[PDB]
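Comments concern the structure below.
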Amino acid sequence: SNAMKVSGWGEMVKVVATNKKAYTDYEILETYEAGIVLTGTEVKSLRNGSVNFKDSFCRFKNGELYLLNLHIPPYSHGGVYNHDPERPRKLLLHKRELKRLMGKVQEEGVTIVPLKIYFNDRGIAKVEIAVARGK
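Residues -2 to 132 (the authors' numbering) make up the sequence shown, in order.
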């Protein structure tokens, strides 16, 4: 299901996936909010609250950060338009954030893990990611 929350400023978020294993197994050092480009069928499937982060991870490729092996199930009515459930998905961050994360992800024992997927007060999909170390 979908976890709804209105902030003290009247802004609504809809959390559709939470990486509970990352919260239990890692020390969260720093968090960032990334945008993400999703297809229409992916948005429909995310709104059904059935996505989890099992097997997913973040990796840089050519200076861009990707969320890899997140499984978003097919949309029931997508047919030939259904997305690739595990396509690589680029995370959209500020250049200054990307530069810092490229350094942090090279330190030993430090990795970049996805934490949450949610739709913000404009209806835009976001991924919260973290610089994290194993407990």
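Beta carbons: idealized from backbone N, C-alpha and C, even for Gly.
Does DSSP classify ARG93 as helix, strand or coil? In the three-state DSSP reduction, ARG93 falls in the helix class (H, G or I).
Bounding residues of the beta strand (DSSP E) (the contiguous stretch that carries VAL48): In this chain, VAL48 is not harboured by any beta strand (DSSP E), its DSSP state being neither H nor E.
Option nearest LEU89 by Cα separation, candidates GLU61, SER(-2) and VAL77: Comparing Cα positions, the closest option is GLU61.
I need the straight-line Cα distance from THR38 to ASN45, nearest angstrom please. Their Cα atoms are separated by approximately 11 Å.
Taking all protein chains shown into account, decide if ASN59 is buried (16 or more other Cβ within 10 angstroms of its Cβ) or exposed. For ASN59, the number of other beta carbons within 10 angstroms of its own is below 16, and it is reported as exposed.
Neighbourhood of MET99 by C-beta, 7 Å cutoff - its chain only, sequence neighbours within 5 removed: When the five nearest sequence neighbours on each side are left out, the beta carbons in the same chain lying within less than 7 Å of the beta carbon of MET99 are those of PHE57, in order along the chain.
Hey, could you find the ends of the beta strand (DSSP E) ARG44 is sitting in? In the DSSP assignment, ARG44 falls outside any beta strand (DSSP E) and lies within the alpha helix (DSSP H) extending over 37 to 44.
Could you pull out every residue in the same chain whose Cβ sits closer than 6 Å to the Cβ of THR15, ignoring the five residues on either side in sequence? Excluding residues within five positions, the ones whose Cβ falls inside 6 Å are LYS113.
Going by beta carbon distance, what residues of the same chain come within less than 6 Å of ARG86, once the five residues before and after it are set aside? Within the same chain, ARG86 has close Cβ partners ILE33 and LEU64.
Beta-bridge pairing of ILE25 - partner residues as DSSP gives them: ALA129.
What residues in its chain sit with their C-beta under 6 Å from that of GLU83, if we drop five residues either side in the sequence? If we look at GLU83 and ignore the five residues flanking it on each side, its Cβ neighbours are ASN66 and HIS68.
Residue nearest to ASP52 in terms of C-alpha spacing, selected from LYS17, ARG97 and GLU24: With distances taken between CA atoms, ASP52 lies nearest to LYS17 out of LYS17, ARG97 and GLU24.
Among all the DSSP beta bridges, which residues are the ones paired with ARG86? In DSSP, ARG86 forms a bridge with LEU64.
Quick one, which of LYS101, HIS74 and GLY131 has its alpha-carbon nearest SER42's? Of the candidates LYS101, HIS74 and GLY131, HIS74 places its Cα closest to the Cα of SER42.
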